[PDB]
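The block underneath contains the structure these notes are about, expressed in structure tokens.
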4 protein chains.
Amino acid sequence: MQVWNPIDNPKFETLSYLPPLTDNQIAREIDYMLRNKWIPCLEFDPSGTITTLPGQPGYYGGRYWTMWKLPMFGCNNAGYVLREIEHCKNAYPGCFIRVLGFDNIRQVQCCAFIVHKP
Amino acid sequence: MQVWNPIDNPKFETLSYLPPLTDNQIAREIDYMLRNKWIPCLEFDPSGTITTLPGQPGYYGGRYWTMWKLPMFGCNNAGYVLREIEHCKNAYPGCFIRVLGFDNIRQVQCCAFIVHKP
Amino acid sequence: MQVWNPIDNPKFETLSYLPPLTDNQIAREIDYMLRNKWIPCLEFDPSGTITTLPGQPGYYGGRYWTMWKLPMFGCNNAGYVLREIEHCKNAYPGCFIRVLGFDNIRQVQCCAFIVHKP
Amino acid sequence: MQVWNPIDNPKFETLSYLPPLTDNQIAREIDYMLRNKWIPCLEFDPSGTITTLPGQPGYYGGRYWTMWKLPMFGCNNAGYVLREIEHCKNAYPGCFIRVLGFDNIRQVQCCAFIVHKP
């Protein structure tokens, strides 16, 4: 029998229950988005809390982050996405950073995972 | 004439107005729960405050604590409950700890008292 | 022309716009309450702020203080009220203190002023 | 491509997106108010934040400041407005300061800009 820790144990959605992610395993999730013709993007924010309202169902605060430059339309190689992450983290070394993708035919995001923590 | 102190004087429900509890007087409240065929349990939480809501009668926040492992079904000797409290005290030396009992025929708790303070 | 200061300038109701009160001028407001057959009392509290509620007219929080021992029924000399203030000042040297009076025929207070500040 | 900074970048309404203001171009915005027959005034406050209410459209908190002495009725030279700003700066060296103007025929303010920051 073992006990799960309730104090100071935050989580960050998908892939947060596995061992930490290495640099190889990161450029295998981008070649899967490129093989299906999706569009990469980047974001950053200094905090991650959630706020509500008294009597309004389905309203939450803290779901929008700030966009780095613009979506990378017409991209074929995975060596540019990896270089943009390094430019992002040299200017803001005290924020979180997250990677997304875009399906343009169904208009919905397809991926999300964290690559940097403060 | 004497004056009761209003500053920094919290209380913790049953048995809090008596002198502090010794190790002998603790293993006399367990032999009374065992003589009536009840089931022991343990809990712990870092805080103890209470919160309310504007216009909802009978709603309070801060009434659930975290359970240690599981209720001790089929227990006859009082030397195991005393050993589990010591295992609980080494993992979390900065929390409160409470002892409970269960009546399975009327479905209601039967006792509660505090054994450790931060 | 001169300017009235808006920063860090609290006030405490009646008699608070006059120069500070000396020990002589304090035992002249008690002989005026005793000449009309009223009953002295004492109070103390650590804070002095006021709160409200969203949509309830005439509700304010922070209007009750704590009472020292009991009202002084049947008191004729002013040397006891002055001695009780000194007993109150040694037990709680970090609170405010107020002096009250009671009219028992119209059931309403008649006086109030501050004698000690933290 | 360049990125606009989202962290710790407050703004103060009109003329805040231009380079900082020198002493020459502070005595050119007053001769424009004097040529149209308007009335100068001054203000100061220690903070600059805004607050709202749950369900009341068009209500905001933090829109009133404190007035220095009085509006300058019948003023023709711009050397008095410049001297009053210096008297205001020695008494309260930890507040913001604003300059206003008044049109008495349409009853509406005509300008506002900041001249001192903490």
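Each reported figure results from applying straightforward, stated rules to the coordinates on display, with no laboratory input. In this analysis, Cβ positions are derived from the backbone assuming ideal geometry, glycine residues included, and neighbour counts consider all displayed protein chains.
Considering only region A:31-69, state which residues are within 20 Å of A:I105 (Cβ to Cβ) and of a type in the set (A, V, I, L, M, F, W, C). So that I can check it myself, show each step before the final result.
Going residue by residue through region A:31-69, those that are within 20 Å of A:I105 (Cβ to Cβ) are A:32-41.
Those that are within 20 Å of A:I105 (Cβ to Cβ) and of a type in the set (A, V, I, L, M, F, W, C): A:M33, A:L34, A:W38, A:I39, A:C41.
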Answer yes or no as to whether A:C88 is within 14 Å of chain D (Cβ to nearest Cβ) and of a type in the set (A, V, I, L, M, F, W, C).
-> yes
Among the residues of region C:39-80, which ones are away from chain B (no Cβ under 14 Å), part of a loop (DSSP other than H, G, I, E, B) and touching a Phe, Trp or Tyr at 6+ places or on another chain (Cβ under 6 Å)?
-> C:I50
Qualifying positions in region B:11-30 - among the basic types (K, R) and either farther than 19 Å from B:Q109 by Cα or in a strand (DSSP E or B) (or both) | B:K11
Evaluate region B:93-106: report whether one residue or more is in a loop (DSSP other than H, G, I, E, B) and in contact with a strand residue (DSSP E or B) (Cβ under 8 Å, 6 or more places away or on another chain).
-> yes
Check whether at least one residue in region A:2-10 is assigned to a loop (DSSP other than H, G, I, E, B), under 30 Å from B:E84 (Cα atoms) and β-branched (V, I, T), and report yes or no.
-> yes
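Conditions (1) within 30 Å of D:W4 (Cβ to Cβ); (2) loosely packed, with under 13 Cβ neighbours inside 10 Å, marked per residue:
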site	(1), (2)
A:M1	no, yes
A:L34	yes, no
A:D45	yes, no
A:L53	yes, yes
A:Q56	no, yes
A:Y60	yes, yes
State the number of residues belonging to region C:1-16 that are away from chain D (no Cβ under 14 Å) and over 15 Å from the mean Cα position of the chain (by Cα).
-> 1
Of the residues in region B:80-107, how many are surrounded by 13 or more Cβ atoms within 10 Å (Cβ to Cβ), more than 15 Å from B:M67 (Cα to Cα) and of a type in the set (D, E, K, R)?
-> 1
